[PDB]
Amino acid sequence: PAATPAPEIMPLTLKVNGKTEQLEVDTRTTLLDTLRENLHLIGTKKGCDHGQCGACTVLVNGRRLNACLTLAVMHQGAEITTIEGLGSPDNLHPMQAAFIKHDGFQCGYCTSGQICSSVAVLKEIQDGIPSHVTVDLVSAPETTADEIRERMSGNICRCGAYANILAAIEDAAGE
């Protein structure tokens, strides 16, 4: 029309990588944009903003999700874990170290997402969650290459580091 409404601003408490944050946010703000623009936790990336790429993957109460497709205000009091919460250069997570060893990235832009997903995927398998490639639906899935490829398919890498990403995940899973 000839006008668009002013922001509705709400108080929000998030626990992000172990730390209590108290924010005032526009209700429209996604978890992705709250992390990046409000909290300056720029490790979580924006590849598409419409759920198509996985570059914004984070963990919310342990479960992976695409942070571009959830509102910050939907997660009052939740525990959020981003790539920064998994490790840093002087204290690398085993999955970060595995990605380095196997060269599971090139440009680095999908990598935060790949790593957060990888960690969650191993846990989803441990939890007995099946996938599209699980043949025996009633029994517990095994950690196989096929299972990992399917369960990671929501993280797109345009560089095409996939084969190395799989090698990193399998190394990390074996340890």
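Residue indices: 1-based, along the sequence shown.
- Set 96-104 against 73-81 and average the Cα temperature factors; 73-81 ends up higher.
- Annotation for 116-124 versus 44-52: the higher mean temperature factor (C-alpha) is found in 116-124.
- Highest CA B-factor among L65, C110, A140, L32, as stated in the entry: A140.
- Ranked within its chain, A167 lands in the middle third, by CA B factor from the PDB record.
- Sorting the modelled residues of the chain by their CA temperature factor places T20 in the highest third.
- Residue-level temperature factors show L39 in the middle third of its chain, judged at the C-alpha atom.
- Split the chain's modelled residues into thirds by C-alpha temperature factor. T27 is in the middle one.
- In the PDB entry, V58 places in the lowest third of its chain by CA B-factor.
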